[PDB]
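Structure file input-v1.pdb (PDB, C-alpha atoms) follows.
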```pdb
ATOM      1  CA  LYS A  11     102.004  37.411  66.737  1.00  0.00           C
ATOM      2  CA  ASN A  12     100.612  34.336  68.480  1.00  0.00           C
ATOM      3  CA  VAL A  13     103.308  32.276  66.809  1.00  0.00           C
ATOM      4  CA  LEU A  14     106.250  32.194  69.181  1.00  0.00           C
ATOM      5  CA  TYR A  15     109.497  30.304  68.424  1.00  0.00           C
ATOM      6  CA  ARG A  16     111.736  28.226  70.668  1.00  0.00           C
ATOM      7  CA  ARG A  17     115.422  27.764  69.868  1.00  0.00           C
TER
ATOM      8  CA  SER B   1      95.939  30.661  71.237  1.00  0.00           C
ATOM      9  CA  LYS B   2      99.718  30.952  71.258  1.00  0.00           C
ATOM     10  CA  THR B   3     101.782  28.355  69.459  1.00  0.00           C
ATOM     11  CA  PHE B   4     105.394  27.707  70.412  1.00  0.00           C
ATOM     12  CA  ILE B   5     107.191  26.351  67.365  1.00  0.00           C
ATOM     13  CA  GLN B   6     110.512  24.754  68.245  1.00  0.00           C
ATOM     14  CA  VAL B   7     113.264  25.622  65.791  1.00  0.00           C
ATOM     15  CA  UNK B   8     116.241  23.237  66.058  1.00  0.00           C
TER
END
```
Have the structure of the file written as structure tokens, please.
Amino acid sequence: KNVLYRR
Amino acid sequence: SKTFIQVX
């Protein structure tokens, strides 16, 4: 939810 | 609190 990933 | 985890 608040954990967003960046490739 | 948003965390932006970098994957590769």
Matched chain/residue IDs from the PyMOL selection byres ((chain A and resi 12) around 7), as a count of residues only: 6
Output of the PyMOL selection byres ((chain B and resi 6) around 7), listed as a list in words: residues 15, 16 and 17 of chain A; 4, 5, 7 and 8 of chain B
So that all listed atoms of chain B fit with 3 Å spare on each side, what axis-aligned box centre and edge lengths in Å, to one decimal, would you give as lines of an AutoDock Vina configuration file?
```
center_x = 106.1
center_y = 27.1
center_z = 68.5
size_x = 26.3
size_y = 13.7
size_z = 11.5
```
